[PDB]
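S.K.: What follows is a single structure, and I will ask about it in a moment.
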Amino acid sequence: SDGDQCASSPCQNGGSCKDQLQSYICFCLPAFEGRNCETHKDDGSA
């Protein structure tokens, strides 16, 4: 028990969710962005 942030599968874009001490880290595709992988960065836009 140490903060279940990945247990909720927040990593979107079908990325791999991994626990990293309390916080978490999503392993989405290299063309995606956002803390929970909620931004598709293919060109960059802004």
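The chains in the structure tokens are called A, B, ... from first to last as shown; in each chain the residues are counted from 1, and the ligands are counted from 1 in the order shown.
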Please identify all polymer residues within 9 Å of range 19-29 of chain A, counting only C-alpha atoms, omitting same-chain residues fewer than 3 positions from it, and present them as an MDAnalysis selection string.
M.R.: chainID A and resid 2:7 10:16 32:33 35:37
S.K.: So that I have them on file, write out the residues from the current selection with C-alpha atoms, as a tab-separated table (two decimals), in the first residue's frame.
M.R.:
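Just written: out-v6.tsv:
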```tsv
chain	number	residue	atom	x	y	z
A	2	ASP	CA	1.64	3.27	-1.12
A	3	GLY	CA	-0.75	5.42	-3.21
A	4	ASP	CA	-2.70	3.47	-5.87
A	5	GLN	CA	-2.37	5.89	-8.82
A	6	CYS	CA	-1.80	3.23	-11.52
A	7	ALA	CA	-4.51	0.90	-10.11
A	10	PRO	CA	-5.18	6.45	-15.92
A	11	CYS	CA	-2.66	5.88	-18.76
A	12	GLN	CA	-4.85	6.45	-21.86
A	13	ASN	CA	-3.93	5.83	-25.54
A	14	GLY	CA	-3.54	2.13	-24.58
A	15	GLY	CA	-0.21	3.00	-22.90
A	16	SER	CA	1.43	0.79	-20.24
A	32	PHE	CA	1.41	11.15	-27.37
A	33	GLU	CA	1.71	13.62	-24.46
A	35	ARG	CA	0.32	13.34	-17.60
A	36	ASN	CA	-2.45	10.77	-18.19
A	37	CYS	CA	-1.69	10.48	-21.94
```
S.K.: Can you tell me, as a ChimeraX atom specification, which residues in chain A count as strand (DSSP E or B) by DSSP?
M.R.: /A:16-19,24-27,32-33,39-40
